[PDB]
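Let's start with one chain on its own, the form deposited in one PDB entry, as structure tokens.
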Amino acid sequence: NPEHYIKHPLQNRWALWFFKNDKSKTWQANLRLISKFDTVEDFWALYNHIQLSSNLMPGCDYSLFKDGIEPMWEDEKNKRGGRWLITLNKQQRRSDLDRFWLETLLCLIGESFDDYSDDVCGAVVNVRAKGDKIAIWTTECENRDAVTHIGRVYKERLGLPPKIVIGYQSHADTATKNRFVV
């Protein structure tokens, strides 16, 4: 009866990355791999071991990307893509940041975007003095059906009401100008 002793595999292997602003180093040299995991049990062991995003120093990021996709725009799977952006005010660091980030992680490892989960590359949380940000990165900013389905599902999974609109920008523009809004 394998259910007793086998870990539950995830559809993908995922890499969790950490960034801290150290002005002595280049941006790339500051982007650091925490660990990779590919089971439910190993995801929770990692998550239960690390700091909540709300406890990070301003200027730090977490990011979760599929194994083989670097957490930067210049990766082959990111360079033609873009992101759904959640912007948090300073009060939402207390109320929403950690629960929104956990839900984002689960949307990813749980493959919650049906046939379009293959367009997801990863997700990033930025802790910043002027307002935190959470974003889901996807591979192709011209795939309207993929991008808007991901945005509608994501908005629903976060519990955001229709009074809130979220935008999708291509990375080529980021490097707010929206391609899509939901």
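In this text, the rigid core denotes the largest set of C-alpha atoms whose superposition between the two forms falls within 1.5 Å. Shifts are known only where both forms have a C-alpha. When you see a residue number, it is the position in the sequence shown, counting from 1.
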Establish whether the other compared PDB entries of this protein leave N178 unmodelled at least a third of the time.
no
Pick between 26-34 and 126-134: the one whose mean CA B-factor in the entry is higher.
26-34
For the higher mean C-alpha B factor in the entry, choose 76-84 or 100-108.
76-84
Could you say which of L46, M57, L52, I150 has its CA atom at the highest B factor, as listed in the PDB entry?
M57
Just say lowest, middle or highest third for the CA B-factor of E70 relative to the other modelled residues in its chain.
lowest
Entry-reported C-alpha B-factor of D114 relative to its chain, by third, is highest
Among all modelled residues of this chain, ranked by Cα B factor, put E156 in the bottom, middle or top third, i.e. lowest, middle or highest.
middle
Compare the C-alpha B factor of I164 with those of the other modelled residues in its chain, then answer lowest, middle or highest third.
highest
Taking the C-alpha B-factors as the PDB entry records them, is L10 in the lowest, middle or highest third of its chain?
middle
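Below, we turn to the form solved in complex with a partner chain, even though it does not appear here.
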Against its partner chain in the deposited complex, would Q11 count as a contact residue? Criterion: heavy atoms within 4.5 Å.
yes
Contact of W44 with its partner chain in the deposited complex (heavy atom, 4.5 Å)
yes
Wondering, does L85 line up within 4.5 Å of its partner chain in the deposited complex on heavy atoms?
no
Does the 4.5 Å heavy atom contact test between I109 and its partner chain in the deposited complex come out positive?
yes
May I ask whether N48, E103 and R157 all come within 4.5 angstroms of its partner chain in the deposited complex, judged by heavy atoms?
yes
Among 138-146, 23-31, 125-133, 111-119, which stretch sits within 4.5 Å of its partner chain in the deposited complex, heavy atoms only?
111-119
Regions shifting between this form and the one not shown, defined as 3+ consecutive residues whose CA atoms all move 2 Å or more relative to the core:
3-5, 91-96
